[PDB]
Amino acid sequence: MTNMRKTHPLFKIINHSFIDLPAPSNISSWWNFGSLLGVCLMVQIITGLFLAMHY
Amino acid sequence: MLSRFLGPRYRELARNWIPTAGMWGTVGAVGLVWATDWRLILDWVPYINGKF
Amino acid sequence: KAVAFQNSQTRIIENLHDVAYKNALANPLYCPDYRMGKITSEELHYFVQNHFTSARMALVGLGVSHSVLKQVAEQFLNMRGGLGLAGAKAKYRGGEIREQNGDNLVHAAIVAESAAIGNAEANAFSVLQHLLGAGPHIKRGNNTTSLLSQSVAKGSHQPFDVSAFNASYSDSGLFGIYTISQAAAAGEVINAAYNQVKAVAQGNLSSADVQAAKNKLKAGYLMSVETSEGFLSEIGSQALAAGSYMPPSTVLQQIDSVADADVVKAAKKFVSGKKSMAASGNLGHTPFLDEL
Amino acid sequence: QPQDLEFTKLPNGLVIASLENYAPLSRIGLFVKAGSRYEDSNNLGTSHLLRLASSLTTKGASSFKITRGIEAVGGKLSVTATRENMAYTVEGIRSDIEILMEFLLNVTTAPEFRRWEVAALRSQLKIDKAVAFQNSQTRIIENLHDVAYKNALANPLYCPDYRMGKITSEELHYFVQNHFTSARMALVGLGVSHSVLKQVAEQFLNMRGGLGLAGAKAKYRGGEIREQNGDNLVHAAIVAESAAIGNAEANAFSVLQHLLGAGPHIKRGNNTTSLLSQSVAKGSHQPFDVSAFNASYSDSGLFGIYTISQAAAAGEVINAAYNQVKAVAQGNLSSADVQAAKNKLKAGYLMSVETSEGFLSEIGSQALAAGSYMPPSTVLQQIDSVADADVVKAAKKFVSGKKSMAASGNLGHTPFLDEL
Amino acid sequence: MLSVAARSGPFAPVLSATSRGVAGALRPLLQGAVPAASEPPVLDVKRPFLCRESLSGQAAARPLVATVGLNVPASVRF
Amino acid sequence: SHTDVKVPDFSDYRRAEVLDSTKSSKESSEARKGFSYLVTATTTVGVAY
Amino acid sequence: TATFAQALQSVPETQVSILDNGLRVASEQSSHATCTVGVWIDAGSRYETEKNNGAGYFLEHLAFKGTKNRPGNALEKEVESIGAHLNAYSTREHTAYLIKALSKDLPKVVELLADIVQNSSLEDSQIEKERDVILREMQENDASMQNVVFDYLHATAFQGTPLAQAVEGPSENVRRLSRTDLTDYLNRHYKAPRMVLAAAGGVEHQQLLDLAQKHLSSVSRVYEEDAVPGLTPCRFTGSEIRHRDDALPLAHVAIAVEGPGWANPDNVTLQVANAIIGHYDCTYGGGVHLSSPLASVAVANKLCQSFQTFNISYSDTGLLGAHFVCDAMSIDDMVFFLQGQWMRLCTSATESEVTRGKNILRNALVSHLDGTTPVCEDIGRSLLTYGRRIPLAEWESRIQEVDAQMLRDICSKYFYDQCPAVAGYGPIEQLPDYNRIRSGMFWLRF
Amino acid sequence: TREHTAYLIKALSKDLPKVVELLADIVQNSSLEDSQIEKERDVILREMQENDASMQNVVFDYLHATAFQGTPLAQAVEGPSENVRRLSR
Amino acid sequence: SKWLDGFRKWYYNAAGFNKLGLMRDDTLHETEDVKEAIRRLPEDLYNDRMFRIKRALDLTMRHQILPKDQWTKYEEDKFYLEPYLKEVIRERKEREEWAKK
Amino acid sequence: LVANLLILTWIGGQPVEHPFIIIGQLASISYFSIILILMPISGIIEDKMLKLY
Ligand SMILES: CCCCCCCCCCCCCCCCCC(=O)OC[C@H](COP(=O)(O)OCCN)OC(=O)CCCCCCCCCCCCCCCCC
Ligand code: HEM
């Protein structure tokens, strides 16, 4: 057997980025903000797609 | 804070690199003239005086 | 090999057998570093067909009847000749080896020739080995009945251990002193042990201590065969060495027949014999064979 | 004609020697009696790392300054080491000798010996020991010195594997402050005048004055060592004790090794005049080479035979060589062969002092040992003043003494010392 | 004839080791290279014996016997 | 041995200016790379146009 | 006091004289008690016609195995009677037999050399024995990967020409080697006008000239066919040989371009270029503070085991480049760095590097010429290649003419935008393709 | 161990009354003297210094310390060094 | 005079790293020169620096500080990286002035 | 600087009347001066003030 999270060629990127990424323990709430930006970005895209469906 | 770059070796390096940089600037100038069809230059070249 | 060489006793015993014999006993248990990656399967087939022959094997069973042993013996074992290759008689060499490897403790083994298995002097050498000391009996004791430990601790004040090393083979044997001492105190421990054995060789010993050594040897032999694996190992070793089974009471009464003059003779033979030394550690203060 | 070699004994014990060659390049070297003879068991391999620390940071010159300053002028800095002495030699153009002597004396007098630099250097000394042990003669001569001497010369040229990662800067400083003292320094210069060397020596090397820590006094133990490593060839070195340097018996042993065979003279030669080669060639039919080994130090020497032969025929080669030396010791030698050996020894010494670096090595060695220079004509006269009875006595001393045998290869047929 | 390394004829660079800190203009013969060799395995450290009671029993007294099991760890007795 | 290792003939592949093993190179080499870089140059002129 | 140019002026001049046979007798005198006397012959492996490829090497083998005047090992005994050293070598263009001896035996050694010039007995049993010895030492020389890479580079750089063939020749030529072809080679390649008798050390030119007039008179003087043998030029070929054998631990790669030759003076400038790059191996003690950028990068990134730069010259041709041994996992990177350094010398050679290279070249030129043997070698090869012994003062004058402008002009002439010859041996999978190397031989930024 | 103590003699069958007598008076009339108190005080200090280098013992002591926190099962058989420096008769 | 020292002490208290148990030399942003200075440190000072940085990160995670008796005082604030850093800058300047010539 | 950005945000929604021109000019001048000039000067000042150089 093997570890599917670390050996799959697609899941290795998600494991290296958002699962087993080493991060500082003492970062404050401001370090949330950029991730929120990414979420807000895709939110815009989703809403924009539906605003592209009737404009 | 670029006082590291004051010396005879850097001066000799820059002096060696003047003509290559000048030739590359000539290439960039000719490329910007040709790709934009600038009337300030092609009206002085004798052959290209047909489109203006 | 790298796991088994974590104990310095292993390396000292390997070097001691390498120096003590010219051939046929100086071959190591473990494979040398140059031979790794160069041992072929054809040599293994050659070794199997030349040494796994019929008259050199004993099948020993505990908890299993004799008839199925004979059926397995006639079924699986009867296609080999019996002799194979004989050997090279294990001639004695002598000398010394010193390994400067930088350890906290210095290990020194000084050995000489002894009796082989089956002679009348091998039991005397075992009695002498238990007289000089061949292992502790109390956890965190002081070894008052051990002559070597008492003689060394008469003049020493640092951690140490002295024992008597004994090994018996079919044709040759080895008997000597094993010392673990400090780096700067190795010479005192080695000289104290050697002077104690030289005092034993001149008849300066107590017959009560010989009786205690006989009791210790009988107790150790009887405790070596109480387990099933030790019993099987002793039966197989006796069947290979002599071809017949010896009951333990006969071994005990053979132990009891050892005289004190035999112990003095064994100590004198060790003192007068040629020496092989294996030393390892910080050997700036460890003495030499001609300086003893 | 260049000027004569000239000496000066300074009051701090330093011996400076200079010859004005009017050479295009000058070579200047400092010879220090600080070999591996002076290491006890607690500082093994200190001389090897001190040899490899010739470009570390010193006071007034860093590692970058030393390397970029010697490498810009084209000159070189090298250091050689026997078991008894070291030599730091620089060489370069005569217009660069001032900064070359400044770099040499800063390297050899006051090294800072920082911790991180020797921590970098220990991997380099491991690589150096691996490259040096790539051949076969070095390991067997190292084991021969391990078994031949019980102290003070069994310390090897190269650092042992257990000591790697364990030499600190403190014991390097301790070794330098004990054995780099001014009473055992010979500053020699070819191509530089005596005024420059004298003024630099008086201006800079008044830091230490003492005699230093000495008192090694190596002793002989004998014995044998066997290295089963499965090579198809078998190397063997069988030696015994012999007289020290600076004696008539040393010249007798040199005449004896040039009689018995002391290296080839002809490229792919048949070794016609070597007695050991004659005996083995009349005995064998395999490729081989047998030579005579002689290493004579200040207090003791080793003389013997060195054979490389086949694995299956090592015993006959070693027995033939030993029987040839036994025949020489009994008196079976002619005066023409002794005269040929004397001529070979004279030519060997004169070719050894041919080039400038070998000549400077000879200057530094004789300045350390004697404080002056014997001309080569006096050395040839000392060679010519040896009788053949001294050669017979040297061979008899080798035969009738206890032996040290180092062997390597497939030693199944290799005889032990009791069988010779 | 002093200079022991030069006195020994063929064994001149065997009895003496020469290195350099600054490379010369002349290229040395036999430049040489360390091949990529093997590495020893990493084993856990063992108990030291810095008192007299722990050294009790550590001295060898018997012929050395090795034992390799299949699912039993390999052991050795002195 | 390694001295047996011999390069075969390429005469069915070489250019006409380097077919002779007796005459030296470096006389017609500049002409050969001039032809090759002229091919490269006119291709780059075409794709730039 | 004295400066460097005055000290080079004080070096004694090499005296050259001629014979009626055409022999060139040259001598340099010093104050040494020893001397080196040798014979240099302009006959290497370039003069063979592919059916006698191992002929000169096999003559070098049989040259010391007896003559007609001194049959057998007694000749060897003569060389060991006086404590003399007898050495020889054979190249692709030269052959040399030299003896180191004292000065007092200076007559007889010349006579001994004369014997090896012109009375070499070739016994058939000696032919079979030396055939076995040649096969043994070719299979010994196969182990040394550096010589294999050298022979591979010569084979792939001069294909179809007499310069591709090795000095020792192929094995089959050693097997079928007769005596008649050796006699023909000795007759047509050991003539008097292609020989220099060179002496260095404690010699006198008049005594040596008298000895050459006595012993070395009438060597051949006759071509025996009225057919003078010459040397056609050898065509350089930009090509690539890759010997892949992954069982070896290390890989050796040599990259070369065509050199100018012997008489073309920019050789001296090219020497300075090599002196900028230099040599490095793992036993050095400079660390990251080495002056060469390639050596410093190789130390810092642990790239190469060793590298060297060479400028090998033959008659109007040669090789010019680098050779490095390294592990597989660095090979490509090393090539990149090496090519970068070459283009640096083609584009941005500074004055400090030129001064350092000039100092290194002065040190190498003088430090090579120590002792009688390299001086005698310099005399023999100088009279064979240039036709004259070039003095060290002329070398100093030639070095002083070099500034950075002509150095980068010469490097742009020889290195820039040229097809190299690549020879590889070992785990050379990561050795780049020839298109990548040829692309790396120029810069897009120039 | 953490909850058991054993004192055992292995001997022959003939010496059964003597080994019963030694096992009886060892656990009943053990003589303690202050010189012996300090002697095995330094001996147990050196034993603990030796046992610090066995990583399996250190890990199992850590596991017992962190799995049984605040209970008498967390403390080791040897105890800390301050107790063996301060235990008395 | 002493007023500048007292005002420096007030600014040292106002900076705030001493309330995390840090020293001044721990607060250096590690460039290549500072990295080589840390690489040249002895093992005990390196271990003390690593523990001080780890404790400061643990306190900054919890948004807390040490008690006022455990604050790093201005008197015993030993400047341990200054001589290693000074030699690193000096060697870098030597390399710089060699490369500029 | 942050409060100056807030001021510029407030001024940007105002017409070009008194006193918004002078306030906006002072705000932009202070914005460029704080970003370009005063922040490295303050960094050098605390570098001196902590005995860093
Ligand atoms: C004392 C407390 C009284 C009340 C008690 C209740 C508790 C309150 C909190 C007590 C805190 C105790 C001290 C602990 C905090 C740390 C120290 C501190 O903050 O001190 C106050 C500080 C001193 O300055 P500090 O940064 O420490 O050092 C400067 C070097 N001398 O001082 C400052 O930072 C003052 C900053 C003043 C800034 C004025 C700016 C004027 C100009 C603004 C222009 C902006 C807009 C520009 C627009 C342009 C275009 C129109
Ligand atoms: C690809 C993804 C996007 C699409 C398809 C998209 C599409 C649209 C469409 C169709 C409108 C006009 C609908 C309306 O406003 O009535 C709009 C308005 C707008 N979008 Fe997006 N948009 C996208 C991403 C974004 C992003 C990333 C932003 C910036 C955060 C953005 C900012 C705006 C704004 C400010 C308006 C004006 C809203 C208003 O009327 O007040 N959009 N978008």
# chains A, B, ... in the order shown; residues from 1 in each chain; ligands from 1

$ interface_residues --of "chain D" --to "chain G" --cutoff "6 Å" --atoms "only C-alpha atoms" --output "ChimeraX atom specification"
/D:24,64,72-74,128,265-267,340,343-344,347,354-355

$ select_by_dssp --residues "chain I" --states "alpha helix (DSSP H)" --output "number ranges by chain"
I: 2-15, 32-39, 43-61, 82-99

$ residues_near_ligand --ligand "ligand 1" --cutoff "7 Å" --atoms "only C-alpha atoms and all ligand atoms" --output "mmCIF file with N, CA and C atoms, in the first residue's frame"
data_model
loop_
_atom_site.group_PDB
_atom_site.id
_atom_site.type_symbol
_atom_site.label_atom_id
_atom_site.label_comp_id
_atom_site.auth_asym_id
_atom_site.auth_seq_id
_atom_site.Cartn_x
_atom_site.Cartn_y
_atom_site.Cartn_z
ATOM 1 N N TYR I 11 13.090 54.032 25.428
ATOM 2 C CA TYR I 11 12.769 53.493 24.108
ATOM 3 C C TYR I 11 12.912 51.976 24.053
ATOM 4 N N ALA I 14 9.889 50.769 25.384
ATOM 5 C CA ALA I 14 8.799 51.064 24.463
ATOM 6 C C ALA I 14 8.811 50.190 23.217
ATOM 7 N N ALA J 3 -4.185 57.299 8.034
ATOM 8 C CA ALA J 3 -5.124 58.401 8.208
ATOM 9 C C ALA J 3 -5.081 59.377 7.036
ATOM 10 N N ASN J 4 -3.916 59.531 6.406
ATOM 11 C CA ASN J 4 -3.794 60.377 5.226
ATOM 12 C C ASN J 4 -4.517 59.748 4.037
ATOM 13 N N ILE J 23 -6.165 71.230 1.202
ATOM 14 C CA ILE J 23 -6.158 70.009 2.004
ATOM 15 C C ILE J 23 -5.727 68.814 1.160
ATOM 16 N N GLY J 24 -6.237 68.715 -0.071
ATOM 17 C CA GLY J 24 -5.829 67.631 -0.953
ATOM 18 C C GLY J 24 -4.374 67.717 -1.378
ATOM 19 N N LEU J 26 -1.895 69.176 0.406
ATOM 20 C CA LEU J 26 -1.119 68.798 1.583
ATOM 21 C C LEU J 26 -1.182 67.297 1.830
ATOM 22 N N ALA J 27 -2.344 66.686 1.577
ATOM 23 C CA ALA J 27 -2.505 65.248 1.758
ATOM 24 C C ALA J 27 -1.647 64.457 0.781
ATOM 25 N N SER J 30 2.106 64.983 1.751
ATOM 26 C CA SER J 30 2.444 64.177 2.918
ATOM 27 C C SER J 30 2.437 62.688 2.603
#

$ residues_near_ligand --ligand "ligand 2" --cutoff "7 Å" --atoms "only C-alpha atoms and all ligand atoms" --output "list in words"
residues 41, 44, 45, 46, 48, 49, 51, 52 and 55 of chain A

$ atom_distance --atom1 "CA of residue 60 in chain E" --atom2 "CA of residue 131 in chain C"
15.4 Å

$ closest_atom_pairs --of "chain G" --to "chain F" --cutoff "9 Å" --atoms "only C-alpha atoms" --output "JSON lines"
{"residue": "G:135", "atom": "CA", "partner": "F:1", "partner_atom": "CA", "distance": 8.5}
{"residue": "G:138", "atom": "CA", "partner": "F:1", "partner_atom": "CA", "distance": 6.4}
{"residue": "G:139", "atom": "CA", "partner": "F:1", "partner_atom": "CA", "distance": 6.2}
{"residue": "G:141", "atom": "CA", "partner": "F:1", "partner_atom": "CA", "distance": 8.6}
{"residue": "G:142", "atom": "CA", "partner": "F:2", "partner_atom": "CA", "distance": 6.3}
{"residue": "G:148", "atom": "CA", "partner": "F:2", "partner_atom": "CA", "distance": 6.4}
{"residue": "G:151", "atom": "CA", "partner": "F:3", "partner_atom": "CA", "distance": 7.2}
{"residue": "G:152", "atom": "CA", "partner": "F:5", "partner_atom": "CA", "distance": 7.9}
{"residue": "G:155", "atom": "CA", "partner": "F:6", "partner_atom": "CA", "distance": 6.9}
{"residue": "G:156", "atom": "CA", "partner": "F:7", "partner_atom": "CA", "distance": 6.8}
{"residue": "G:158", "atom": "CA", "partner": "F:21", "partner_atom": "CA", "distance": 8.6}
{"residue": "G:159", "atom": "CA", "partner": "F:7", "partner_atom": "CA", "distance": 6.8}
{"residue": "G:160", "atom": "CA", "partner": "F:21", "partner_atom": "CA", "distance": 5.9}
{"residue": "G:161", "atom": "CA", "partner": "F:21", "partner_atom": "CA", "distance": 5.9}
{"residue": "G:164", "atom": "CA", "partner": "F:6", "partner_atom": "CA", "distance": 8.6}
{"residue": "G:165", "atom": "CA", "partner": "F:3", "partner_atom": "CA", "distance": 7.7}
{"residue": "G:166", "atom": "CA", "partner": "F:3", "partner_atom": "CA", "distance": 6.1}
{"residue": "G:167", "atom": "CA", "partner": "F:3", "partner_atom": "CA", "distance": 8.8}
{"residue": "G:168", "atom": "CA", "partner": "F:3", "partner_atom": "CA", "distance": 7.6}
{"residue": "G:169", "atom": "CA", "partner": "F:3", "partner_atom": "CA", "distance": 6.2}
{"residue": "G:170", "atom": "CA", "partner": "F:4", "partner_atom": "CA", "distance": 4.9}
{"residue": "G:171", "atom": "CA", "partner": "F:1", "partner_atom": "CA", "distance": 6.6}
{"residue": "G:172", "atom": "CA", "partner": "F:4", "partner_atom": "CA", "distance": 8.5}
{"residue": "G:232", "atom": "CA", "partner": "F:22", "partner_atom": "CA", "distance": 6.2}
{"residue": "G:233", "atom": "CA", "partner": "F:22", "partner_atom": "CA", "distance": 5.9}
{"residue": "G:234", "atom": "CA", "partner": "F:24", "partner_atom": "CA", "distance": 5.9}
{"residue": "G:235", "atom": "CA", "partner": "F:24", "partner_atom": "CA", "distance": 4.5}
{"residue": "G:236", "atom": "CA", "partner": "F:25", "partner_atom": "CA", "distance": 6.0}
{"residue": "G:237", "atom": "CA", "partner": "F:25", "partner_atom": "CA", "distance": 7.9}
{"residue": "G:241", "atom": "CA", "partner": "F:7", "partner_atom": "CA", "distance": 8.7}
{"residue": "G:258", "atom": "CA", "partner": "F:26", "partner_atom": "CA", "distance": 8.7}
{"residue": "G:317", "atom": "CA", "partner": "F:24", "partner_atom": "CA", "distance": 9.0}
{"residue": "G:418", "atom": "CA", "partner": "F:29", "partner_atom": "CA", "distance": 9.0}

$ interface_residues --of "chain I" --to "chain G" --cutoff "12 Å" --atoms "only C-alpha atoms" --output "ChimeraX atom specification"
/I:91,94-95,98-101

$ write_last_selection --atoms "N, CA and C atoms" --output "PDB file, in the first residue's frame"
ATOM      1  N   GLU I  91      34.762  40.858   6.259  1.00  0.00           N
ATOM      2  CA  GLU I  91      35.165  39.937   5.198  1.00  0.00           C
ATOM      3  C   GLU I  91      34.395  40.194   3.905  1.00  0.00           C
ATOM      4  N   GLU I  94      35.942  43.190   2.331  1.00  0.00           N
ATOM      5  CA  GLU I  94      37.202  42.801   1.698  1.00  0.00           C
ATOM      6  C   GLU I  94      36.967  42.155   0.339  1.00  0.00           C
ATOM      7  N   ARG I  95      35.976  41.261   0.258  1.00  0.00           N
ATOM      8  CA  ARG I  95      35.614  40.651  -1.020  1.00  0.00           C
ATOM      9  C   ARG I  95      35.088  41.691  -2.004  1.00  0.00           C
ATOM     10  N   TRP I  98      38.002  43.825  -3.271  1.00  0.00           N
ATOM     11  CA  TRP I  98      38.782  43.049  -4.228  1.00  0.00           C
ATOM     12  C   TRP I  98      38.068  42.953  -5.570  1.00  0.00           C
ATOM     13  N   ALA I  99      36.751  42.731  -5.555  1.00  0.00           N
ATOM     14  CA  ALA I  99      36.015  42.592  -6.805  1.00  0.00           C
ATOM     15  C   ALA I  99      35.818  43.920  -7.519  1.00  0.00           C
ATOM     16  N   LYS I 100      35.919  45.043  -6.810  1.00  0.00           N
ATOM     17  CA  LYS I 100      35.788  46.340  -7.460  1.00  0.00           C
ATOM     18  C   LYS I 100      37.071  46.798  -8.140  1.00  0.00           C
ATOM     19  N   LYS I 101      38.202  46.155  -7.866  1.00  0.00           N
ATOM     20  CA  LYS I 101      39.471  46.553  -8.466  1.00  0.00           C
ATOM     21  C   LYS I 101      39.792  45.698  -9.687  1.00  0.00           C
TER      22      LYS I 101
END

$ atom_distance --atom1 "CA of residue 161 in chain C" --atom2 "CA of residue 285 in chain C"
17.1 Å

$ residues_around --residues "range 31-47 of chain E" --least-positions-apart "4" --cutoff "9 Å" --atoms "only C-alpha atoms" --output "list in words"
residues 2, 3, 6 and 7 of chain C; 127, 128, 130, 131 and 134 of chain D; 27 of chain E; 249, 250, 280, 281, 282, 283, 305, 306, 307, 325, 326 and 327 of chain G; 50, 51, 52, 53, 54 and 55 of chain H

$ write_last_selection --atoms "N, CA and C atoms" --output "short mmCIF file (atom, residue, chain, number, x, y, z; two decimals), in the first residue's frame"
data_model
loop_
_atom_site.label_atom_id
_atom_site.label_comp_id
_atom_site.auth_asym_id
_atom_site.auth_seq_id
_atom_site.Cartn_x
_atom_site.Cartn_y
_atom_site.Cartn_z
N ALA C 2 26.85 -4.80 10.69
CA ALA C 2 26.96 -3.53 11.40
C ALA C 2 26.17 -3.51 12.70
N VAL C 3 25.05 -4.24 12.75
CA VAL C 3 24.30 -4.36 14.00
C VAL C 3 25.08 -5.19 15.01
N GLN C 6 28.05 -3.69 17.06
CA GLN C 6 27.82 -2.62 18.02
C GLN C 6 28.43 -2.92 19.38
N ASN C 7 28.68 -4.18 19.68
CA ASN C 7 29.33 -4.59 20.92
C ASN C 7 30.81 -4.77 20.65
N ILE D 127 38.48 13.54 2.50
CA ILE D 127 38.67 13.37 1.05
C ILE D 127 40.16 13.17 0.73
N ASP D 128 41.03 13.90 1.44
CA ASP D 128 42.47 13.76 1.25
C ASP D 128 42.96 12.37 1.63
N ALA D 130 41.14 9.64 1.60
CA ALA D 130 40.62 8.71 0.60
C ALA D 130 41.47 8.70 -0.67
N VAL D 131 41.84 9.89 -1.16
CA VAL D 131 42.68 9.99 -2.36
C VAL D 131 44.06 9.40 -2.09
N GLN D 134 43.89 5.63 -2.18
CA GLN D 134 43.53 4.98 -3.44
C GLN D 134 44.60 4.01 -3.95
N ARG E 27 50.27 21.96 -13.43
CA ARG E 27 49.20 21.04 -13.08
C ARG E 27 49.78 19.74 -12.53
N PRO G 249 31.79 4.59 -11.74
CA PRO G 249 31.24 5.53 -10.75
C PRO G 249 31.24 6.97 -11.21
N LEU G 250 32.22 7.34 -12.04
CA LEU G 250 32.42 8.72 -12.45
C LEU G 250 32.45 8.81 -13.97
N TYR G 280 41.60 22.32 -11.38
CA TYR G 280 41.15 22.09 -10.02
C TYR G 280 40.89 20.61 -9.81
N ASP G 281 41.25 20.11 -8.63
CA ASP G 281 40.85 18.78 -8.18
C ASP G 281 40.54 18.85 -6.70
N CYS G 282 39.94 17.78 -6.18
CA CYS G 282 39.37 17.77 -4.83
C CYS G 282 40.42 17.82 -3.72
N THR G 283 41.70 17.64 -4.03
CA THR G 283 42.75 17.69 -3.03
C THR G 283 43.28 19.09 -2.80
N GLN G 305 34.45 16.61 -9.76
CA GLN G 305 35.59 16.04 -9.05
C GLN G 305 36.87 16.76 -9.44
N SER G 306 37.11 16.92 -10.75
CA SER G 306 38.27 17.68 -11.19
C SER G 306 38.02 18.21 -12.59
N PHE G 307 38.71 19.30 -12.93
CA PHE G 307 38.78 19.76 -14.31
C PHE G 307 40.17 20.29 -14.61
N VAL G 325 36.25 15.40 -14.87
CA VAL G 325 35.62 14.22 -14.29
C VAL G 325 34.68 14.67 -13.18
N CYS G 326 33.47 14.11 -13.20
CA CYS G 326 32.43 14.45 -12.24
C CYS G 326 31.45 13.30 -12.16
N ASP G 327 30.58 13.34 -11.16
CA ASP G 327 29.47 12.41 -11.09
C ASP G 327 28.43 12.75 -12.17
N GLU H 50 23.47 6.68 33.17
CA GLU H 50 23.58 5.67 32.12
C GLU H 50 22.25 5.41 31.44
N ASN H 51 21.16 5.36 32.21
CA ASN H 51 19.85 5.05 31.66
C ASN H 51 19.24 6.21 30.88
N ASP H 52 19.79 7.42 31.02
CA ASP H 52 19.34 8.53 30.18
C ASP H 52 19.69 8.34 28.71
N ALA H 53 20.70 7.53 28.39
CA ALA H 53 21.12 7.35 27.01
C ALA H 53 20.38 6.23 26.29
N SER H 54 19.58 5.44 26.99
CA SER H 54 18.74 4.43 26.35
C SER H 54 17.42 5.10 25.99
N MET H 55 17.20 5.31 24.69
CA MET H 55 16.09 6.15 24.24
C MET H 55 14.74 5.46 24.43
#
